[PDB]
Number of protein chains: 2
Amino acid sequence: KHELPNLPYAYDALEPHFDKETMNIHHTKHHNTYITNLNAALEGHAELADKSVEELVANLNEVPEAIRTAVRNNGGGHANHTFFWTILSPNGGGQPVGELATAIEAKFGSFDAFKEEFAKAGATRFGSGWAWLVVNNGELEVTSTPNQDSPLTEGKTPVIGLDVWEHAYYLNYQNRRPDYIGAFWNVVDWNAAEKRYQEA
Amino acid sequence: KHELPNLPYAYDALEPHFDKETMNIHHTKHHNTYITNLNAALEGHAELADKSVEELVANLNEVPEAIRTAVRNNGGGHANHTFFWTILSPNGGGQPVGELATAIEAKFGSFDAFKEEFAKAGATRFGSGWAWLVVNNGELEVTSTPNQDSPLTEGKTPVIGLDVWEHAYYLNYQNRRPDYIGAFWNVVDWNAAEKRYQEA
Ligand SMILES: [Mn+2]
Ligand SMILES: [Mn+2]
């Protein structure tokens, strides 16, 4: 009973920053496959299967050992991509807004300095993974995670994030990960980010 | 000190199985960058910069802690890719040959059974990595390693291997990793593999 969410915008709405071919394959093949595999691993655990994917992944510890890796990886994939689609927008880009903006200035010095730290976290994540701005204390932290591991599992709440698996950027940027991260700034939705900051 | 090896064949020599655009970017951008990063890391360590990259990665524990992660990832990348180019050929494909062929039949039952097990290791390596046929103390085994980790580090000797980082396959295959693994059977060089088996 885990379903693929529709995108909040057209498949070409993030162009030229994120290409429509990637949006299609990333959403309808990669994300869908995580869902397929999650639902299979949850066959026989109908009790577990009625949690939200976010709660499921936050309390990975309580998943039966037999299916834990499958939940970590595929539950991770579902939680992470679900989040991702909703922090992007064709009306995104620009400066941070709201109390999140003020908090970024305080924690990082400035928005430019934050962007730098986030881009370094993204560039430095060796292999597959994600770069994040999270709330831990009630404090902002830049982090990165391997594969489909989620900050939620560490008790940290995602405010924004960027998929740095090669499938996310290879068609448009090839090995140019930094150019991809640069493009993300033009589509990240700071209104949505504010909500996530406030809602945590 | 460490230098990018030329390919043993033209950039389009593995078509249609491995595309020439990928061969270009994979060799001259990805592999080159591991070498740049490795050389930067070994600045100030004469001890090490006399070692082969295979010696460095076999004895990773003897690398000073301050540069060990860099040598693991970039040393691993250089050793792994150097090896990879040498086990591919436009005169590749077909059935195993030599003493290796006999050993594969004995260990796995048949070549087809071996391919199935290798294909499964490759498909199931979650995130970035490599699938391998190695010799472990005189015995054939199929394994997989994350990121640029090498079997050498665990005292196992690679006979064949396949790069399952998405950069190795995304341009021609997108999410269809199993189809890429299929295509590898047509360019793997079993004469070259026989020689590695003999020397291991
Ligand atoms: Mn992804
Ligand atoms: Mn590679």
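Residues numbered from 1 in each chain as written, not as in the entry; some residues may be left out. Chains lettered and ligands numbered in written order. Heavy atoms only, no water.

Its PDB header attributes the entry to X-ray crystallography and lists the resolution as 1.80 Å.

For chain A, the PDB entry supplies the name Superoxide dismutase and the organism Bacillus anthracis. In the PDB, the title recorded for this entry is "Crystal Structure of SodA-1 (BA4499) from Bacillus anthracis at 1.8A Resolution". Per its UniProt entry, chain A bears the Catalytic activity comment "2 superoxide + 2 H(+) = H2O2 + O2". (UniProt positions renumbered as here; feature names shortened; annotations may be inferred.)

Student: Is there a simple way to think about the packing of aromatic side chains in this case?
Tutor: We describe a pair of aromatic rings using the distance from one ring centre to the other and the angle between the two ring planes. Summed over the entire model, instances satisfying the criterion amount to 40 aromatic pairs over all chains. Centre to centre, the rings of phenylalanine 114 of chain A and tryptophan 185 of chain A are 5.9 Å apart; their planes meet at 70°, and the pair counts as edge-to-face. Of this pair, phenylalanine 114 of chain A sits in helix α5 (residues 111–124) while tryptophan 185 of chain A sits in the loop between α7 (177–184) and α8 (190–198); the two residues are 71 residues apart in sequence, bridging distant segments of the chain. Accessibility expressed as a relative area gives 0% for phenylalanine 114 of chain A, which makes it buried. Relative to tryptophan 85 of chain B, the ring of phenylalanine 84 of chain B lies with its centre 5.5 Å away and its plane at 50°, an arrangement referred to as tilted. Through a chain of ring-to-ring contacts, three or more aromatic side chains come together here, namely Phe18, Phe83, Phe84, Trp85, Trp130, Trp132, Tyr169, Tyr173 and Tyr180 of chain A. For the cation-ring pair, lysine 107 of chain A lies above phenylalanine 108 of chain A, with the distance from its terminal atom to the ring centre recorded as 5.7 Å. (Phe/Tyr/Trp six-rings, centres within 6.5 Å; stacked < 30°, edge-to-face > 60°. Helix = DSSP H or I, 4+ residues; strand = E, 2+ residues; numbered from the N terminus. Buried < 20%, exposed > 50% of the residue type's maximum accessible area, 1.4 Å probe, protein only. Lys NZ or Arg CZ within 6 Å of the ring centre and 35° of its normal.)

Student: Got a minute to help me understand the coordination of the manganese ion (ligand 2) in this structure?
Tutor: Octahedral six-donor coordination of a metal ideally yields angles of 90 or 180 degrees, compared with 109.5 degrees for tetrahedral four-donor coordination. All names here are of chain B. Coordination sphere of the manganese ion (ligand 2), protein contribution only: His26 (NE2), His81 (NE2), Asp163 (OD) and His167 (NE2), at 1.9 to 2.1 Å. Of note, the donors binding the manganese ion (ligand 2) are all from one chain and are spaced H-x54-H-x81-D-x3-H. Here the residue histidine 26 occupies a position in helix α1 (residues 20–42), and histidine 81 occupies one in helix α4 (residues 65–86), the gap between them amounting to 55 residues. The burial state of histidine 26 is the same as that of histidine 81; both residues are buried. (Donors = N, O, S within 2.8 Å, 3.2 Å for Na, K, Ca; no water.)

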